Amino acid sequence: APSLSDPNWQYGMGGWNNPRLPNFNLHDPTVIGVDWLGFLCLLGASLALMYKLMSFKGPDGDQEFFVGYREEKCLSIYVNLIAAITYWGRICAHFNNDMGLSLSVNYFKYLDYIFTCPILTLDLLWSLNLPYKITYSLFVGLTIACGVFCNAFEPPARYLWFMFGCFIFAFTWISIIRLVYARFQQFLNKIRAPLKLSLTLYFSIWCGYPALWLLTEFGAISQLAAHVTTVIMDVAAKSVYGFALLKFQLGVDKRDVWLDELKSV
Amino acid sequence: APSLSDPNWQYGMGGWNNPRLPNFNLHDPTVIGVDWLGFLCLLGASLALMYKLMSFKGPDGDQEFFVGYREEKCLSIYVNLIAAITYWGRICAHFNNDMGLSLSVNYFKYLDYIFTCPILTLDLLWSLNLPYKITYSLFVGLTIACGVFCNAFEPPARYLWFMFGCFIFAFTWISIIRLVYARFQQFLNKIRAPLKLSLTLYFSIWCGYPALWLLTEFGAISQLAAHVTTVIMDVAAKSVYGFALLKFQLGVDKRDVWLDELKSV
Amino acid sequence: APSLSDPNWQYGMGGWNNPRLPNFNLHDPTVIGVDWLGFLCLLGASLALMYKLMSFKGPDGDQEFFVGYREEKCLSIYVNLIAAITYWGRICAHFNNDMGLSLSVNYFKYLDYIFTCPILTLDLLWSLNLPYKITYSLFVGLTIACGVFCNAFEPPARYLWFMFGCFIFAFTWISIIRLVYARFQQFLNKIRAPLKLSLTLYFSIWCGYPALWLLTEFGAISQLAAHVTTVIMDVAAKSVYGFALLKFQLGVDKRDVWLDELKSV
Ligand SMILES: *C/C=C(C)/C=C/C=C(C)/C=C/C1=C(C)CCCC1(C)C
Ligand SMILES: *C/C=C(C)/C=C/C=C(C)/C=C/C1=C(C)CCCC1(C)C
Ligand SMILES: *C/C=C(C)/C=C/C=C(C)/C=C/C1=C(C)CCCC1(C)C
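Chain order of the listed sequences is A, A' and A''. A prime marks a further copy of an entry chain. FYI, in the entry's author numbering the residues of the first sequence are 5 to 193, 198 to 273. FYI, in the entry's author numbering the residues of the second sequence are 5 to 193, 198 to 273. FYI, in the entry's author numbering the residues of the third sequence are 5 to 193, 198 to 273.
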């Protein structure tokens, strides 16, 4: 009796077809332009990061492959490159008239984030030498899986999965923010306002994904606007972050007095 | 000519439909109750482990994030949490009348074990400082993949995959048991009978999965009884294990004389 | 309007059905024999590597589990074993008349390579102590994913994915070859011609995969010949490599003067 096809519901792209959202035309000029812009931004950021890292000769300017033997510094590059590949799929799907198996790369919403967000969290926590560097990465991965199930499934299980992922993300993100603030309250030793604004806005960009999902679900924001905003948030979250960290963890052993093991909060 | 739909066989939930097993009603009160109990047990165990670990301040009571900078101690928590998420899916599938895409979380038998058993084996071998700590984890993962293919496929390939996974598991488990006995014959220095009973019964719980599959396949044990027994075995294998290890590897560097590199068997 | 089924194209095994290639009879005696030979070769190589590694007692002949506590030496074994499992699936699919769900193990071309090539690259770069040991592993993985999408999708997106994977592989492989030549120009201190021939032919075997795909795509080489050549290339690339490295990185700490961190190219 159990089956994957409930005959009381409709299905389409990405799983359950919400009866209140109209069909989203993936072949609109706005969508093609925005996807091209996102792919170009991510690929350019990845190439520039790779050039700036591999070309670094070390603090004393004699160590070829200085970053090659210190792999944790390259963790940013992958986060961009994988994203670029995902966006490349979108471009391919438009050359195929947004048709057939080519859509499979981005068929399920938030699935592409499974291979990026955990690595971004891991690199952010490793760069600042913070505790629970992988535990929170796994928690973010489970959040992404919860979101994938939520967007794929029918209303009841969809909302239950959303709630599960929401508490997991809330706990992990509050913990990460407290750790990062504790670490950065030592750096302060003009920079204060810009640093605080950058930190709070970077946290807000992450917090804005579930807000966008909720706005899209109940017909507040249109699907086209949601797509454009999602592309902008992905670019802002991934491209800048690596460049911001590049001028910070270059030519260091990552065990300085500033970045020693966190003590007393 | 090749196709994924052999017209000489029937198909249903989880792949091939055995013509000798009746359809298993996933919407039975017993199944809902047992799945709720399993989810509650796994989630409670995960939360209690997380609280007891993150709250540990170190041997001298001055190291906040003592476990945060020693990640290998948290490897237990993930094993539970992932399991809980899997069980959460079951609960979601019952709120959706055991219908539609919601079943996809537990569509394929033993697939959920792919992300838990390797981590459990890795943590068990790392805690006791034993050799081949990852090789046996990968072997267990390949065993889980073999079981997934076995349950998914039609009789001939099903039995061949079962046989392959069976020898892999036999070799890996005998090796692990010999290593664990060699390590624990030093600890003995009242505890002997309880420790031996706990160790042998924990090994028996792992050994009982293929036995349950064989009993279910040939109509000895009913599918409902198999489901209840599988839930009990999962709880026993995962919830207790972490709590048992918690009072052992707390506030240590994991390189003591007892847990030095194994020598002479 | 978007759907995974473009009605202007045909579909079959592995995704898009090329209208210029005839249906490939997977139940031909040549295919069964070649798959059996490949499975036997990979499994025998894995078993012999495992026996020769686990049985090593260390440089001074007193360290049981010498390789067990030095895991990076076993990275070869997994590369073979996983491959064997994949080939096992093929054998299973022939016992099921090349029918039904059993084909799912090898439904998508190059998907099986996702879990082998990255590990092979990682082990090769780690054994010689070379930089970017994981970055190039991830690049090879993304190349394999690009190839999977290329073979799965319809002509336009297929060729675009092929081009993307082709540049990624070109960059990564030229970088790896330059690093390996730089490392091995120190070893030279009769061996020169055999070593150079082995190195260049091993690189050529890797370079020959996209060449085989291009030859198959445009009806130059027949599908049966492509299958046999692919099996031979897999055996040559995986079985020999581990045995070649076995007599090199046995009973060493992997930080000798020859294998110190690469300097000045
Ligand atoms: C580059 C892409 C990034 C950083 C994406 C991040 C995505 C999230 C943090 C998503 C979070 C979600 C929840 C907290 C609730 C469930 C829905 C999600 C997946 C959108
Ligand atoms: C928490 C869940 C756990 C520990 C599950 C463990 C499962 C196994 C050890 C399964 C083993 C199997 C075989 C040895 C043969 C093939 C069938 C399996 C997968 C049930
Ligand atoms: C044991 C199997 C091995 C080593 C397989 C290796 C495969 C490749 C290096 C494949 C490379 C490809 C490209 C560079 C272009 C796209 C097509 C591929 C995947 C065949």
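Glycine is no exception: its CB is placed at the ideal position from the N, C-alpha and C atoms.
From what residue to what residue does the alpha helix (DSSP H) around residue i run?
i	result
A''/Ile89	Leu79 to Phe99
A''/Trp221	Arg200 to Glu225
A/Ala161	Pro159 to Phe191
A''/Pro135	Looking at the DSSP string, A''/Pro135 is not in any alpha helix (DSSP H), and its letter there is neither H nor E.
A/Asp39	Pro33 to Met58
residue 196 of chain A	Absent here is residue 196 of chain A, because the residues of chain A run from 193 on to 198 with nothing modelled in between.
A''/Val239	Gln231 to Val243
Can you name, in chain order, every residue of its own chain whose Cβ lies under 6 Å from the Cβ of residue i, other than the five neighbours on each side?
i	result
A''/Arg162	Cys154
A''/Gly145	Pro122
A''/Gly93	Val109 and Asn110
A'/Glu76	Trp130
Going by CA-CA distance only, name the one from the options that's closest to residue i.
i	options	result
A'/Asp39	A'/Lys262, A'/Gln14, A'/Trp177 and A'/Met241	A'/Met241
A''/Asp261	A''/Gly18, A''/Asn133 and A''/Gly19	A''/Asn133
A/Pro159	A'/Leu128, A'/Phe99 and A'/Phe168	A'/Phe99
A'/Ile123	A/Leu124, A/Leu142, A/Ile213 and A/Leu129	A/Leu142
A/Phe157	A/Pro6, A/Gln14 and A/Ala5	A/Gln14
A/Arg263	A/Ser131, A/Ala97 and A/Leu44	A/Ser131
A''/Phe175	A''/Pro202, A''/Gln189, A''/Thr147 and A''/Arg200	A''/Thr147
A/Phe166	A/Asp268, A/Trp221, A/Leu128 and A/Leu8	A/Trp221
A'/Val152	A'/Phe168, A'/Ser106, A'/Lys137 and A'/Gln190	A'/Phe168
residue 195 of chain A	A/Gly18, A/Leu41, A/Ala228 and A/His31	The model of chain A omits the segment between 193 and 198, and residue 195 of chain A is among the residues lacking coordinates.
A'/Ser80	A'/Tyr73, A'/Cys150, A'/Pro11 and A'/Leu57	A'/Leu57
A'/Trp266	A'/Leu192, A'/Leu129, A'/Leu126 and A'/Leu128	A'/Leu192
A''/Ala186	A''/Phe28, A''/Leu270, A''/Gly37 and A''/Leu41	A''/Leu270
A''/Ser179	A''/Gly42, A''/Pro135 and A''/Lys204	A''/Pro135
A/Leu164	A'/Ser272, A'/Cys96 and A'/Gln257	A'/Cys96
A/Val239	A/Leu183, A/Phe188 and A/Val35	A/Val35
A'/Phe112	A'/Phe211, A'/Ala228 and A'/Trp20	A'/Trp20
A'/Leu51	A'/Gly250, A'/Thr237 and A'/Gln257	A'/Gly250
A''/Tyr210	A''/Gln190, A''/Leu223, A''/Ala252 and A''/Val236	A''/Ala252
A''/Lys137	A''/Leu183, A''/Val236, A''/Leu105 and A''/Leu8	A''/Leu183
A'/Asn27	A'/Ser230, A'/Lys198 and A'/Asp127	A'/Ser230
With which residues is residue i paired in a DSSP beta bridge?
i	result
A''/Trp20	A''/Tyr15
Return the chain-ordered list of same chain residues with a C-beta closer than 8 Å to the C-beta of residue i, the five sequence neighbours on each side being excluded.
i	result
A''/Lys246	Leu46, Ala49, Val83, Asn84, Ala87, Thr120 and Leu124
residue 275 of chain A	An answer regarding residue 275 of chain A cannot be provided, because it is not within the stretch 5 to 273 covered by chain A.
A/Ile118	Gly145, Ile148, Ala149 and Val152
A''/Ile172	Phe143, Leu146, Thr147 and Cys150
A''/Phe256	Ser131
For residue i, which residues in the same chain have their Cβ closer than 7 Å to its Cβ, ignoring the five residues on either side in sequence?
i	result
A'/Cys170	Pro218
A/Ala201	none
A'/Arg74	none
A/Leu254	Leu53 and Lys56
A'/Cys78	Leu57 and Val71
A''/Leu115	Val152
A/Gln67	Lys61
A/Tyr91	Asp39, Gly42, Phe43 and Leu46
>> Residues around ligand 1, please: the condition is that the C-beta lies closer than 7 Å to some non-hydrogen atom of it.
In response: A/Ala87, A/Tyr114, A/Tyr117, A/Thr120, A/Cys121, A/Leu124, A/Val144, A/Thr147, A/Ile148, A/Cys150, A/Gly151, A/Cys154, A/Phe166, A/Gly169, A/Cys170, A/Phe173, A/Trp214, A/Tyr217, A/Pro218, A/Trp221, A/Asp242, A/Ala245 and A/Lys246
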